[PDB]
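So this one's start_15.cif, mmCIF, C-alpha atoms and all ligand atoms:
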data_coords
loop_
_atom_site.label_atom_id
_atom_site.label_comp_id
_atom_site.auth_asym_id
_atom_site.auth_seq_id
_atom_site.Cartn_x
_atom_site.Cartn_y
_atom_site.Cartn_z
CA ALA A 2 53.16 19.43 40.17
CA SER A 3 56.79 18.30 39.88
CA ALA A 4 58.29 20.99 42.11
CA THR A 5 60.95 20.66 44.79
CA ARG A 6 60.07 21.16 48.45
CA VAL A 7 62.13 24.34 48.88
CA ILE A 8 60.53 26.03 45.86
CA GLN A 9 57.11 24.98 47.15
CA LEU A 10 57.76 26.59 50.53
CA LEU A 11 59.07 29.72 48.80
CA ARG A 12 55.91 30.02 46.69
CA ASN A 13 53.60 29.36 49.65
CA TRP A 14 55.36 32.01 51.73
CA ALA A 15 55.48 34.61 48.95
CA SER A 16 51.83 34.19 47.93
CA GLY A 17 50.52 33.58 51.45
CA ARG A 18 48.39 30.55 50.51
CA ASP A 19 48.80 26.80 50.00
CA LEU A 20 49.30 26.51 46.24
CA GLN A 21 49.48 22.71 46.10
CA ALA A 22 46.05 22.47 47.75
CA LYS A 23 44.35 24.11 44.74
CA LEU A 24 46.46 24.02 41.58
CA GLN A 25 45.46 25.77 38.36
CA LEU A 26 46.85 23.04 36.06
CA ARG A 27 44.61 20.07 35.30
CA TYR A 28 45.88 16.59 36.15
CA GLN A 29 44.59 13.00 36.18
CA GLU A 30 41.63 14.07 38.36
CA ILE A 31 39.75 15.11 35.20
CA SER A 32 37.31 12.77 33.50
CA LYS A 33 38.36 10.42 30.71
CA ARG A 34 37.90 11.46 27.09
CA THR A 35 36.26 8.09 26.34
CA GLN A 36 32.86 7.58 27.94
CA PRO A 37 30.20 4.84 28.01
CA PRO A 38 27.15 5.22 25.74
CA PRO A 39 24.29 7.33 27.12
CA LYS A 40 20.55 6.61 27.10
CA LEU A 41 18.84 10.04 27.08
CA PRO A 42 15.29 9.37 28.34
CA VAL A 43 12.33 10.44 26.21
CA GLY A 44 10.09 13.37 27.09
CA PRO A 45 6.67 13.47 28.75
CA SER A 46 4.58 13.33 25.55
CA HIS A 47 5.82 9.90 24.42
CA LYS A 48 2.67 8.01 25.44
CA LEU A 49 0.96 5.49 23.17
CA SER A 50 -2.54 6.61 24.23
CA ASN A 51 -4.36 9.62 25.67
CA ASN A 52 -1.86 11.79 23.79
CA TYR A 53 -3.96 13.72 21.29
CA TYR A 54 -2.11 16.78 20.01
CA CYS A 55 -5.08 19.14 20.38
CA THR A 56 -4.75 18.88 24.18
CA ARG A 57 -1.04 19.78 24.42
CA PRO B 230 -31.88 5.30 -1.98
CA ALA B 231 -35.49 6.45 -1.57
CA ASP B 232 -34.55 9.44 -3.78
CA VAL B 233 -31.56 8.29 -5.87
CA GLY B 234 -31.11 4.53 -5.79
CA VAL B 235 -30.54 1.86 -8.43
CA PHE B 236 -29.99 3.30 -11.93
CA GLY B 237 -30.61 6.70 -10.34
CA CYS B 238 -34.26 5.75 -9.72
CA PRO B 239 -36.06 5.65 -6.36
CA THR B 240 -35.20 2.40 -4.60
CA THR B 241 -35.78 0.60 -1.31
CA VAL B 242 -33.52 -2.20 -0.05
CA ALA B 243 -35.18 -4.74 2.24
CA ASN B 244 -33.85 -7.96 3.74
CA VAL B 245 -35.05 -11.38 2.59
CA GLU B 246 -36.67 -12.13 5.96
CA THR B 247 -38.52 -8.80 6.09
CA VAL B 248 -40.15 -9.14 2.67
CA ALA B 249 -40.71 -12.85 3.32
CA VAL B 250 -42.73 -12.15 6.48
CA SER B 251 -44.52 -9.09 5.05
CA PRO B 252 -47.34 -10.99 3.25
CA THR B 253 -48.05 -13.14 6.31
CA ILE B 254 -48.35 -10.00 8.44
CA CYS B 255 -50.68 -8.49 5.85
CA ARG B 256 -52.83 -11.64 5.74
CA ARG B 257 -53.01 -12.34 9.49
CA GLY B 258 -53.02 -8.70 10.60
CA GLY B 259 -50.42 -6.46 12.18
CA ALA B 260 -51.81 -6.75 15.71
CA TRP B 261 -51.16 -10.50 15.78
CA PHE B 262 -47.53 -9.91 14.80
CA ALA B 263 -47.28 -7.13 17.38
CA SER B 264 -48.56 -9.50 20.08
CA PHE B 265 -45.22 -11.34 20.25
CA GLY B 266 -42.18 -9.87 21.96
CA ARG B 267 -41.92 -6.67 23.96
CA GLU B 268 -42.87 -3.16 22.89
CA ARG B 269 -40.74 -1.87 19.98
CA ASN B 270 -39.43 -5.45 19.59
CA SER B 271 -42.50 -7.22 18.21
CA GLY B 272 -42.59 -10.31 16.03
CA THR B 273 -40.84 -13.64 15.65
CA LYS B 274 -37.20 -14.06 14.66
CA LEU B 275 -35.06 -16.70 12.98
CA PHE B 276 -32.07 -17.60 15.17
CA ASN B 277 -28.96 -19.37 13.95
CA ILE B 278 -27.08 -21.05 16.81
CA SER B 279 -23.54 -22.21 16.11
CA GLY B 280 -20.12 -22.66 17.65
CA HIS B 281 -19.64 -24.89 20.69
CA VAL B 282 -23.14 -26.34 20.97
CA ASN B 283 -24.29 -29.94 20.85
CA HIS B 284 -26.79 -29.33 18.01
CA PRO B 285 -26.18 -26.08 16.09
CA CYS B 286 -29.39 -25.23 14.30
CA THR B 287 -31.71 -22.62 12.82
CA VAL B 288 -34.97 -22.15 14.73
CA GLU B 289 -37.84 -19.68 14.52
CA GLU B 290 -38.74 -18.34 17.95
CA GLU B 291 -40.55 -15.50 19.68
CA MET B 292 -38.41 -12.38 19.85
CA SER B 293 -37.61 -11.72 23.50
CA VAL B 294 -36.51 -15.28 24.32
CA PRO B 295 -33.67 -15.48 26.88
CA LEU B 296 -30.29 -16.54 25.52
CA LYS B 297 -29.86 -19.37 28.03
CA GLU B 298 -33.31 -20.77 27.23
CA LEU B 299 -32.62 -20.51 23.50
CA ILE B 300 -29.33 -22.40 23.82
CA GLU B 301 -30.64 -25.09 26.17
CA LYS B 302 -33.95 -25.75 24.40
CA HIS B 303 -33.22 -25.81 20.67
CA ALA B 304 -29.43 -26.09 20.36
CA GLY B 305 -29.20 -28.80 23.03
CA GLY B 306 -27.04 -26.74 25.37
CA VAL B 307 -23.38 -25.78 25.49
CA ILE B 308 -20.98 -28.69 25.00
CA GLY B 309 -19.68 -29.73 28.40
CA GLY B 310 -22.52 -28.11 30.33
CA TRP B 311 -23.61 -24.54 30.92
CA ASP B 312 -20.73 -23.92 33.34
CA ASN B 313 -18.40 -24.58 30.39
CA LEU B 314 -19.63 -21.43 28.62
CA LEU B 315 -17.07 -18.65 28.22
CA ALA B 316 -18.45 -16.11 25.74
CA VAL B 317 -21.15 -15.57 23.15
CA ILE B 318 -21.56 -13.25 20.16
CA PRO B 319 -25.34 -12.93 19.72
CA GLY B 320 -25.60 -10.98 16.46
CA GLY B 321 -22.88 -12.16 14.10
CA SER B 322 -19.36 -10.83 13.77
CA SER B 323 -20.41 -7.16 13.86
CA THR B 324 -21.83 -7.24 17.39
CA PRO B 325 -19.46 -7.32 20.38
CA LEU B 326 -19.26 -10.41 22.57
CA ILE B 327 -20.61 -10.74 26.11
CA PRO B 328 -19.27 -12.99 28.90
CA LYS B 329 -21.15 -15.72 30.75
CA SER B 330 -22.32 -13.40 33.55
CA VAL B 331 -23.95 -10.91 31.18
CA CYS B 332 -25.56 -13.65 29.08
CA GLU B 333 -26.95 -15.54 32.10
CA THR B 334 -30.10 -13.39 32.16
CA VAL B 335 -30.09 -11.47 28.86
CA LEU B 336 -32.90 -11.31 26.30
CA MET B 337 -32.88 -11.25 22.49
CA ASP B 338 -34.28 -7.99 21.19
CA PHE B 339 -32.77 -4.70 20.06
CA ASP B 340 -33.27 -2.71 23.27
CA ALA B 341 -32.07 -5.24 25.85
CA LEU B 342 -28.99 -6.19 23.84
CA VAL B 343 -28.19 -2.52 23.26
CA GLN B 344 -28.43 -2.10 27.04
CA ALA B 345 -25.84 -4.90 27.26
CA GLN B 346 -23.63 -2.75 24.97
CA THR B 347 -23.96 -5.33 22.17
CA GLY B 348 -27.03 -4.95 19.94
CA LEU B 349 -29.10 -7.72 18.38
CA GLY B 350 -27.73 -7.39 14.85
CA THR B 351 -28.79 -10.31 12.65
CA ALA B 352 -29.48 -12.71 15.57
CA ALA B 353 -26.56 -15.03 14.77
CA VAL B 354 -25.53 -16.64 18.06
CA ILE B 355 -21.96 -17.98 18.10
CA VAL B 356 -20.95 -19.55 21.41
CA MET B 357 -17.47 -20.34 22.73
CA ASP B 358 -16.71 -22.52 25.75
CA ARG B 359 -13.74 -22.14 28.10
CA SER B 360 -11.59 -24.46 25.94
CA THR B 361 -10.94 -21.99 23.10
CA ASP B 362 -8.61 -19.07 22.44
CA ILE B 363 -11.05 -16.15 22.37
CA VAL B 364 -8.23 -13.80 21.34
CA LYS B 365 -7.57 -16.07 18.35
CA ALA B 366 -11.26 -16.04 17.41
CA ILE B 367 -11.48 -12.24 17.55
CA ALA B 368 -8.24 -11.97 15.57
CA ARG B 369 -9.73 -14.26 12.92
CA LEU B 370 -12.82 -12.04 12.79
CA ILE B 371 -10.66 -8.93 12.38
CA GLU B 372 -8.72 -10.70 9.61
CA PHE B 373 -12.02 -11.49 7.89
CA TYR B 374 -12.99 -7.82 8.09
CA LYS B 375 -9.56 -6.90 6.70
CA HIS B 376 -10.08 -9.22 3.72
CA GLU B 377 -13.65 -8.00 3.10
CA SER B 378 -13.30 -4.20 2.92
CA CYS B 379 -13.72 -2.33 -0.36
CA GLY B 380 -11.01 0.11 0.71
CA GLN B 381 -12.32 3.35 -0.77
CA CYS B 382 -12.19 5.40 2.45
CA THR B 383 -8.91 5.61 4.35
CA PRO B 384 -10.25 5.04 7.93
CA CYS B 385 -11.69 1.57 7.29
CA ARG B 386 -8.91 0.46 4.93
CA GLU B 387 -5.81 1.59 6.82
CA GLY B 388 -7.17 1.24 10.35
CA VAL B 389 -8.60 -2.23 9.79
CA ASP B 390 -5.31 -3.44 8.33
CA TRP B 391 -3.58 -1.86 11.34
CA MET B 392 -5.96 -3.59 13.76
CA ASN B 393 -5.44 -6.91 11.98
CA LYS B 394 -1.69 -6.57 12.45
CA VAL B 395 -2.09 -5.52 16.09
CA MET B 396 -4.43 -8.44 16.84
CA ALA B 397 -2.12 -10.92 15.13
CA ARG B 398 0.66 -9.62 17.37
CA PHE B 399 -1.65 -9.84 20.40
CA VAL B 400 -2.37 -13.52 19.70
CA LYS B 401 1.32 -14.28 20.29
CA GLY B 402 1.53 -11.78 23.16
CA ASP B 403 4.29 -9.85 21.39
CA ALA B 404 3.04 -6.40 22.43
CA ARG B 405 3.15 -4.32 25.64
CA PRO B 406 0.23 -3.39 27.93
CA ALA B 407 0.37 0.29 26.95
CA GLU B 408 -0.53 -0.82 23.42
CA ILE B 409 -3.92 -2.20 24.49
CA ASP B 410 -5.37 1.23 25.23
CA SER B 411 -3.76 2.41 22.00
CA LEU B 412 -5.76 -0.22 20.14
CA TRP B 413 -8.91 1.06 21.83
CA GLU B 414 -8.14 4.56 20.58
CA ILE B 415 -7.54 3.20 17.08
CA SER B 416 -11.02 1.67 17.13
CA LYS B 417 -12.51 4.97 18.26
CA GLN B 418 -10.70 6.63 15.34
CA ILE B 419 -12.42 4.22 12.93
CA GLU B 420 -15.97 4.11 14.29
CA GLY B 421 -18.11 7.03 13.14
CA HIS B 422 -15.61 8.28 10.55
CA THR B 423 -16.16 5.73 7.76
CA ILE B 424 -18.66 5.78 4.90
CA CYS B 425 -20.59 2.58 5.62
CA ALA B 426 -20.97 0.51 8.79
CA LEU B 427 -18.20 -1.99 7.97
CA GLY B 428 -15.76 0.21 9.86
CA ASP B 429 -18.06 0.21 12.88
CA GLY B 430 -18.57 -3.54 12.50
CA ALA B 431 -14.80 -4.03 12.55
CA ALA B 432 -14.22 -1.67 15.48
CA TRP B 433 -16.92 -3.16 17.72
CA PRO B 434 -15.48 -6.71 18.12
CA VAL B 435 -12.10 -5.32 19.19
CA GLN B 436 -13.77 -2.96 21.66
CA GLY B 437 -15.86 -5.76 23.16
CA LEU B 438 -12.94 -8.18 23.43
CA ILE B 439 -10.77 -5.55 25.10
CA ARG B 440 -13.52 -4.42 27.48
CA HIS B 441 -14.37 -7.95 28.61
CA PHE B 442 -11.01 -9.79 28.46
CA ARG B 443 -8.27 -7.23 29.08
CA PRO B 444 -6.84 -9.47 31.87
CA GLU B 445 -6.48 -12.37 29.42
CA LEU B 446 -4.51 -10.20 26.98
CA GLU B 447 -2.32 -8.83 29.76
CA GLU B 448 -1.65 -12.35 31.05
CA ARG B 449 -0.72 -13.64 27.59
CA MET B 450 1.72 -10.79 26.93
CA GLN B 451 3.21 -11.22 30.41
CA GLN B 452 3.80 -14.90 29.61
CA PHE B 453 5.41 -14.00 26.28
CA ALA B 454 7.72 -11.54 28.03
CA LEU B 455 8.60 -14.20 30.60
CA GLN B 456 9.49 -16.94 28.10
CA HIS B 457 11.33 -14.55 25.78
CA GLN B 458 13.06 -12.71 28.66
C1 LIG C 1 -20.73 -4.37 5.38
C2 LIG C 1 -22.19 -4.69 5.51
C3 LIG C 1 -22.66 -5.92 5.06
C4 LIG C 1 -24.02 -6.22 5.18
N1 LIG C 1 -24.49 -7.43 4.73
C5 LIG C 1 -25.83 -7.73 4.84
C6 LIG C 1 -26.30 -8.96 4.40
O1 LIG C 1 -25.53 -9.77 3.91
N2 LIG C 1 -27.64 -9.26 4.51
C7 LIG C 1 -28.51 -8.34 5.07
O2 LIG C 1 -29.70 -8.61 5.16
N3 LIG C 1 -28.04 -7.12 5.51
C8 LIG C 1 -26.70 -6.81 5.40
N4 LIG C 1 -26.23 -5.59 5.84
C9 LIG C 1 -27.17 -4.59 6.45
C10 LIG C 1 -27.78 -3.73 5.35
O3 LIG C 1 -27.62 -2.37 5.68
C11 LIG C 1 -29.26 -4.05 5.18
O4 LIG C 1 -29.40 -5.20 4.37
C12 LIG C 1 -30.01 -2.89 4.53
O5 LIG C 1 -29.69 -1.70 5.21
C13 LIG C 1 -31.50 -3.14 4.60
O6 LIG C 1 -31.79 -3.74 5.85
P1 LIG C 1 -33.29 -4.10 6.28
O7 LIG C 1 -33.89 -5.01 5.24
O8 LIG C 1 -33.25 -4.82 7.61
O9 LIG C 1 -34.11 -2.84 6.41
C14 LIG C 1 -24.89 -5.29 5.73
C15 LIG C 1 -24.41 -4.07 6.18
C16 LIG C 1 -23.06 -3.77 6.06
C17 LIG C 1 -22.54 -2.45 6.55
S1 LIG C 2 -15.83 1.54 5.70
FE1 LIG C 2 -17.11 0.71 4.00
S2 LIG C 2 -16.79 2.20 2.30
FE2 LIG C 2 -15.13 2.59 3.81
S3 LIG C 2 -13.40 1.31 3.06
FE3 LIG C 2 -14.52 0.05 4.58
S4 LIG C 2 -15.99 -1.16 3.32
FE4 LIG C 2 -15.26 0.55 1.99
#
As a first step, turn the structure in this file into structure tokens.
Ligand SMILES: Cc1cc2nc3c(=O)[nH]c(=O)nc-3n(C[C@H](O)[C@H](O)[C@H](O)COP(=O)(O)O)c2cc1C
Ligand code: SF4
Amino acid sequence: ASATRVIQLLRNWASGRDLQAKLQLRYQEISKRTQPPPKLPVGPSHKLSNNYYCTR
Amino acid sequence: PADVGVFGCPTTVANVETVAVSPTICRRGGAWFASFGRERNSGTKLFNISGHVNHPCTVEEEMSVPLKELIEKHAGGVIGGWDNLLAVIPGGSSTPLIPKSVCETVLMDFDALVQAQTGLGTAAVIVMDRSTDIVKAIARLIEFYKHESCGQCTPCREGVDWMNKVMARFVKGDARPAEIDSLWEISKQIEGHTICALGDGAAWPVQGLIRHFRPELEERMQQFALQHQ
């Protein structure tokens, strides 16, 4: 976050933990909203032979 | 037909050769006719020999004559020598083909050729040497069966058109290996489910070609995949 050093020390002392280690506001570390195309593999019953429906 | 045949009357359908030989059997006795051939395969047979032979011909011969002897004696032998033989269909298009190894010591009668998973059929020997595309020949046979089906029952009609398309794609090698077994299944879904034996006679050549030359099909499709990347 965009916080001054003195305020950061004040918060860390008052809470008792290191806030900047684990912030609760999401930043650039999240994934992009645009993603490459997927492929989504087919299931196990997509065979061209030995796939009669009466057996499964 | 023995109960309700032509015009609704009792009828019996007999081949030209059967009725043609019947009076000679009656005149000369049935035992003399039974003397030739093996048991349950008695008599003499007319053999047409065609394809890749020096002298294709029609010859009358005792029944259980070996295939190699029949080719070498009457037909003049396979063109380019016996080692040039690749495959042979002994009973017309309906019967499946057999390779050189099976036909080295095979006889011509119903029982022995059934044992070779072929059947005698009409005793129409068509030979092919190593210098022909056997896949192309079987595809042409399947196309002939596609053109010559009445089409009243769905198995023969639809499945034979499907097999014709699949075999035409196989000739170019455009398919994938997993399709080959699929084709086998298709044939098994045609044979035994049709009205007449044309469905069986169209399923059998595909089954025989697959069973005896699966490596050739796999090689051809691998080549097609390689050239087309
Ligand atoms: C599609 C199809 C076509 C056939 N064509 C002939 C034919 O042209 N000549 C023949 O003798 N049998 C032919 N057959 C076999 C017949 O079933 C046979 O003529 C008939 O059953 C009587 O045979 P048989 O005289 O040997 O007892 C054909 C069978 C099928 C299924
Ligand atoms: S199997 Fe026989 S009856 Fe059925 S569609 Fe083919 S030719 Fe016609």
Select, as JSON, numbers by chain, those residues of chain B with any atom no more than 10 Å from chain A (distances computed using all atoms listed in the file). {"B": [407, 408, 409, 410, 411, 412, 413, 414, 415]}
Atom CA of residue B:318 to atom CA of residue B:355 measures 5.2 Å
Using all atoms listed in the file, determine which residues fall within 12 Å of ligand LIG 1 (chain C), then list them as number ranges by chain. B: 230, 240-251, 320-324, 349-353, 373-380, 385, 423-431
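Considering the residues B:432, B:308, B:366, B:343 and counting all atoms listed in the file, ligand LIG 2 (chain C) has its shortest atom-to-atom contact with B:432.
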What separates atom CA of residue B:402 and atom CA of residue B:420 is a distance of 25.2 Å
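Straight-line separation from atom CA of residue B:367 to atom CA of residue B:347: 15.0 Å.
Distances to residue B:398 were evaluated for B:365, B:267, B:443, B:457 using all atoms listed in the file, and the minimum falls at B:365.
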Measuring atom to atom with only C-alpha atoms and all ligand atoms, identify which of B:348, B:295, B:266, B:388 is nearest to ligand LIG 2 (chain C). B:388
Would you pick out the contacts of stretch 21-27 of chain A at 9 Å or less, using all atoms listed in the file, so that residues sharing its chain but fewer than 6 positions from it are not included, and give the list as a PyMOL selection string? chain A and resi 2+9+13
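Minimum distance to residue B:401 across B:381, B:362, B:416, B:433 (counting all atoms listed in the file) occurs at B:362.
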Using all atoms of stretch 31-35 of chain A that appear in the file, construct an axis-aligned enclosing box with 5 Å of padding on every side and provide its centre coordinates and edge lengths in Å, rounded to one decimal, as JSON.
{"center_x": 38.0, "center_y": 11.6, "center_z": 30.8, "size_x": 13.5, "size_y": 17.0, "size_z": 18.9}
Which of these, B:405, B:382, B:234, B:287, has the shortest distance to ligand LIG 2 (chain C) once you count only C-alpha atoms and all ligand atoms? B:382
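With only C-alpha atoms as the basis for measurement, B:337 is the residue among B:282, B:331, B:316, B:337 that approaches residue B:270 most closely.
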Can you list, as a list in words, every protein, DNA or RNA residue that comes within 7 Å of residue B:359 when you count only C-alpha atoms, leaving out same-chain residues fewer than 2 positions away? residues 313, 314, 315, 357 and 361 of chain B
Test item: residues at most 9 Å from residue B:294, all atoms listed in the file, excluding those fewer than 4 positions along its chain, as a ChimeraX atom specification: /B:266,290,298-299,335-338
Which neighbours of residue B:303 fall inside 10 Å, counting all atoms listed in the file, when residues of the same chain fewer than 2 positions from it are skipped, and could you give them as a list in words? residues 276, 278, 283, 284, 285, 286, 287, 288, 289, 290, 298, 299, 300, 301, 305 and 306 of chain B
